[PDB]
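Enquirer: Okay, handing you the structure first.
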Amino acid sequence: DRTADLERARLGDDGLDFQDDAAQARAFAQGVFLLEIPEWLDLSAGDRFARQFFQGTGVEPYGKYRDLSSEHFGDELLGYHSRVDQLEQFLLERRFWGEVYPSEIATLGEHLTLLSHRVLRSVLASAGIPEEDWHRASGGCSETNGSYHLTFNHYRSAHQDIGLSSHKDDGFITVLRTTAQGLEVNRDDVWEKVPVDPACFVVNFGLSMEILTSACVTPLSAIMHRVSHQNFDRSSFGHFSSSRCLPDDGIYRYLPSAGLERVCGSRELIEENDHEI
Ligand SMILES: O=C(O)CCC(=O)C(=O)O
Ligand SMILES: [Cl-]
Ligand SMILES: [Cl-]
Ligand SMILES: [Fe+2]
């Protein structure tokens, strides 16, 4: 297979620092890039959670999360889920982290939320959207008011599926921590392997970002991606930012010189992407 050549960025004093302005433009136009993991941020507990959560109460300290199914939350989409592909997941929105996750996992989630916030604001500035529209345009993610899922993934190599079939993420921005081969992206109609680099996150955009920016100078895309069939197990985890969803408003497209036009609801966007994706 092809291997994607990705731009690398780091968080600095003025948001995202790519190598130069040209690289930033390639990165945002491709819809995927690498983000250097801050040296102070500890990912070891998250890594361990992704390796354990599916294993049940015999396995300490995280296997017990296997038992918190969807029926424990009111929200069908949270807790432990076996998927149709090799993937199984544990997903939790931020309003539940403090009560439900281990304290050190909630900490990791909070750090990733603030890191994702900085990345998103750097992207919004590059899109030419006026700053006073950012909070509504981002469904709260330009501050700390969005919906945030910290989601743990395990690929059951004993299952005869693709690892995770082709899809685009919901939401605005995904910060993905992966340390093993498997992720593939359809950059320019060709499937390419994402090179492994455990010192970087993989960052891409979701469908809400694509809708938002479709009329800008450089429309941004929610990149189609998948995880190939795994012959041996694999795990990963990701931080996913989407619009606030308190039972108000919904999903916007930015029109240069005019402001924000509502396209649909927060609800209808996720439930509709759940199927054909
Ligand atoms: O596990 C991976 O590398 C990708 C996971 C992913 O694409 C997702 O959870 O939406
Ligand atoms: Cl299982
Ligand atoms: Cl399966
Ligand atoms: Fe994804």
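Lettering and numbering for the structure tokens are positional, with chains as A, B, ... in the shown order, residues counted from 1 in each chain, and ligands counted from 1 in the shown order.
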Please list as an MDAnalysis selection string every residue within 12 Å of residue 34 of chain A, counting only C-alpha atoms and excluding residues in the same chain fewer than 5 positions away.
Expert: chainID A and resid 4:11 16:18 23:24 27:28 119 174:178 194:204
Enquirer: Can you check which residues of segment 1-245 of chain A DSSP gives as strand (DSSP E or B) on the backbone and send them as a ChimeraX atom specification?
Expert: /A:2-3,8-12,15-17,32-36,79-82,87-93,147-155,164-167,173-178,183-186,191-193,200-205,225-227,234-242
Enquirer: Using only C-alpha atoms and all ligand atoms, find each residue of chain A with at least one atom at most 10 Å away from an atom of ligand 1; report its shortest atom-to-atom pair and that distance in Å (one decimal), sort the rows by chain and rising residue number, and return the result as CSV.
Expert:
residue,atom,partner,partner_atom_place_in_ligand_line,distance
A:87,CA,ligand 1,1 (O),8.2
A:88,CA,ligand 1,9 (O),9.8
A:89,CA,ligand 1,9 (O),8.2
A:91,CA,ligand 1,9 (O),9.5
A:150,CA,ligand 1,9 (O),9.8
A:151,CA,ligand 1,9 (O),7.0
A:152,CA,ligand 1,9 (O),7.8
A:153,CA,ligand 1,1 (O),5.9
A:154,CA,ligand 1,1 (O),7.6
A:155,CA,ligand 1,1 (O),8.0
A:163,CA,ligand 1,1 (O),8.3
A:164,CA,ligand 1,7 (O),7.2
A:165,CA,ligand 1,7 (O),8.7
A:166,CA,ligand 1,7 (O),8.5
A:167,CA,ligand 1,7 (O),7.5
A:168,CA,ligand 1,10 (O),7.6
A:169,CA,ligand 1,10 (O),5.7
A:170,CA,ligand 1,10 (O),8.4
A:174,CA,ligand 1,10 (O),8.1
A:175,CA,ligand 1,8 (C),9.8
A:176,CA,ligand 1,3 (O),6.9
A:177,CA,ligand 1,3 (O),7.5
A:178,CA,ligand 1,3 (O),5.7
A:179,CA,ligand 1,3 (O),8.6
A:180,CA,ligand 1,3 (O),8.2
A:181,CA,ligand 1,3 (O),8.2
A:182,CA,ligand 1,3 (O),6.6
A:183,CA,ligand 1,3 (O),4.9
A:184,CA,ligand 1,3 (O),8.2
A:185,CA,ligand 1,7 (O),9.6
A:194,CA,ligand 1,3 (O),9.2
A:202,CA,ligand 1,3 (O),8.7
A:204,CA,ligand 1,7 (O),9.6
A:206,CA,ligand 1,10 (O),9.5
A:224,CA,ligand 1,7 (O),9.0
A:225,CA,ligand 1,7 (O),6.4
A:226,CA,ligand 1,7 (O),6.1
A:227,CA,ligand 1,2 (C),6.1
A:228,CA,ligand 1,3 (O),9.4
A:234,CA,ligand 1,1 (O),8.0
A:235,CA,ligand 1,1 (O),6.5
A:236,CA,ligand 1,1 (O),5.0
A:237,CA,ligand 1,1 (O),6.5
A:238,CA,ligand 1,9 (O),6.5
A:239,CA,ligand 1,9 (O),8.9
A:240,CA,ligand 1,10 (O),8.4
Enquirer: List all protein, DNA and RNA residues that have any atom at most 9 Å from ligand 3, counting only C-alpha atoms and all ligand atoms, and write the list as a PyMOL selection string.
Expert: chain A and resi 82-88+155-156+158-163
Enquirer: Within 10 Å of segment 98-113 of chain A, counting only C-alpha atoms, which residues show up once you throw out same-chain ones fewer than 4 positions away? Write them as a ChimeraX atom specification, please.
Expert: /A:41-46,49,61-62,65,68,79,92-94,117-119,141,143-144,146-151,175,238-241
Enquirer: Which residue gives the smallest distance to residue 210 of chain A among A:277, A:129, A:246, A:223, with only C-alpha atoms counted?
Expert: A:223
Enquirer: Near residue 255 of chain A, within 10 Å and counting only C-alpha atoms, which residues show up once chain neighbours fewer than 2 positions away are dropped, as a PDB file with C-alpha atoms, in the first residue's frame?
Expert:
ATOM      1  CA  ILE A 129     -14.693  33.272  10.202  1.00  0.00           C
ATOM      2  CA  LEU A 212     -19.217  24.669   8.632  1.00  0.00           C
ATOM      3  CA  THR A 213     -16.443  25.567   6.189  1.00  0.00           C
ATOM      4  CA  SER A 214     -17.945  24.496   2.857  1.00  0.00           C
ATOM      5  CA  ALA A 215     -18.133  28.117   1.580  1.00  0.00           C
ATOM      6  CA  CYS A 216     -14.740  29.366   2.811  1.00  0.00           C
ATOM      7  CA  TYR A 252     -24.234  25.789  11.043  1.00  0.00           C
ATOM      8  CA  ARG A 253     -22.680  26.724   7.733  1.00  0.00           C
ATOM      9  CA  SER A 257     -20.080  38.412   4.580  1.00  0.00           C
ATOM     10  CA  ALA A 258     -23.374  37.104   6.078  1.00  0.00           C
ATOM     11  CA  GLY A 259     -22.738  34.977   9.166  1.00  0.00           C
ATOM     12  CA  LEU A 260     -24.107  31.584  10.145  1.00  0.00           C
ATOM     13  CA  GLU A 261     -26.920  29.674   8.468  1.00  0.00           C
TER      14      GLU A 261
END
Enquirer: Let me make sure I understand: among A:205, A:232, A:254, A:40, which one has the smallest atom-to-atom distance to ligand 4 if we use only C-alpha atoms and all ligand atoms?
Expert: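 Nearest candidate to ligand 4 out of A:205, A:232, A:254, A:40: A:205.
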Enquirer: Calculate how many Å separate atom CA of residue 19 of chain A from atom CA of residue 31 of chain A, rounding to one decimal.
Expert: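 That distance, rounded to one decimal, is 16.7 Å.
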Enquirer: How many Å lie between atom CA of residue 250 of chain A and atom CA of residue 137 of chain A, rounded to one decimal?
Expert: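 That distance, rounded to one decimal, is 9.2 Å.
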Enquirer: Could you tell me how far atom CA of residue 251 of chain A sits from atom CA of residue 208 of chain A, in Å to one decimal place?
Expert: 7.1 Å
Enquirer: Return the single residue from A:71, A:13, A:47, A:189 that is closest to residue 30 of chain A, with distances computed using only C-alpha atoms.
Expert: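 Looking at the shortest contact to residue 30 of chain A, the residue is A:189.
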Enquirer: From the options A:219, A:265, A:171, A:140, which residue's atoms come nearest to ligand 4, counting only C-alpha atoms and all ligand atoms?
Expert: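 Smallest separation from ligand 4 among the options: A:171.
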Enquirer: Can you list, as a PyMOL selection string, every residue of segment 83-193 of chain A that DSSP puts in alpha helix (DSSP H)?
Expert: chain A and resi 97-100+103-126+134-137
Enquirer: Would you save the residues from that selection as a PDB file, in the first residue's frame, using C-alpha atoms?
Expert:
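Once written, again.pdb looks like this:
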ATOM      1  CA  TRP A  97     -15.975  11.668  33.172  1.00  0.00           C
ATOM      2  CA  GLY A  98     -15.671  12.879  36.764  1.00  0.00           C
ATOM      3  CA  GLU A  99     -18.312  10.474  38.075  1.00  0.00           C
ATOM      4  CA  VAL A 100     -17.639   7.388  35.914  1.00  0.00           C
ATOM      5  CA  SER A 103      -9.777  10.020  38.143  1.00  0.00           C
ATOM      6  CA  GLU A 104      -6.572   9.770  36.060  1.00  0.00           C
ATOM      7  CA  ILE A 105      -8.580   9.008  32.901  1.00  0.00           C
ATOM      8  CA  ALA A 106     -10.797  12.066  33.491  1.00  0.00           C
ATOM      9  CA  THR A 107      -7.608  14.119  33.888  1.00  0.00           C
ATOM     10  CA  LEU A 108      -6.339  12.835  30.552  1.00  0.00           C
ATOM     11  CA  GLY A 109      -9.676  13.718  28.994  1.00  0.00           C
ATOM     12  CA  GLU A 110      -9.573  17.261  30.397  1.00  0.00           C
ATOM     13  CA  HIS A 111      -6.020  17.826  29.096  1.00  0.00           C
ATOM     14  CA  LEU A 112      -7.007  16.573  25.668  1.00  0.00           C
ATOM     15  CA  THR A 113     -10.059  18.860  25.686  1.00  0.00           C
ATOM     16  CA  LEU A 114      -7.853  21.919  26.260  1.00  0.00           C
ATOM     17  CA  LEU A 115      -5.337  20.737  23.667  1.00  0.00           C
ATOM     18  CA  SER A 116      -8.160  20.163  21.163  1.00  0.00           C
ATOM     19  CA  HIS A 117      -9.587  23.601  21.994  1.00  0.00           C
ATOM     20  CA  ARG A 118      -6.291  25.258  21.060  1.00  0.00           C
ATOM     21  CA  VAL A 119      -6.095  23.324  17.773  1.00  0.00           C
ATOM     22  CA  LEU A 120      -9.697  24.131  16.828  1.00  0.00           C
ATOM     23  CA  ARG A 121      -9.282  27.865  17.415  1.00  0.00           C
ATOM     24  CA  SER A 122      -6.183  27.863  15.227  1.00  0.00           C
ATOM     25  CA  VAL A 123      -8.216  26.205  12.442  1.00  0.00           C
ATOM     26  CA  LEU A 124     -11.162  28.596  12.808  1.00  0.00           C
ATOM     27  CA  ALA A 125      -8.897  31.624  12.476  1.00  0.00           C
ATOM     28  CA  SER A 126      -7.418  30.236   9.260  1.00  0.00           C
ATOM     29  CA  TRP A 134     -16.853  31.057  16.712  1.00  0.00           C
ATOM     30  CA  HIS A 135     -18.792  29.913  19.782  1.00  0.00           C
ATOM     31  CA  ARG A 136     -22.048  29.386  17.920  1.00  0.00           C
ATOM     32  CA  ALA A 137     -20.305  28.076  14.790  1.00  0.00           C
TER      33      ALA A 137
END
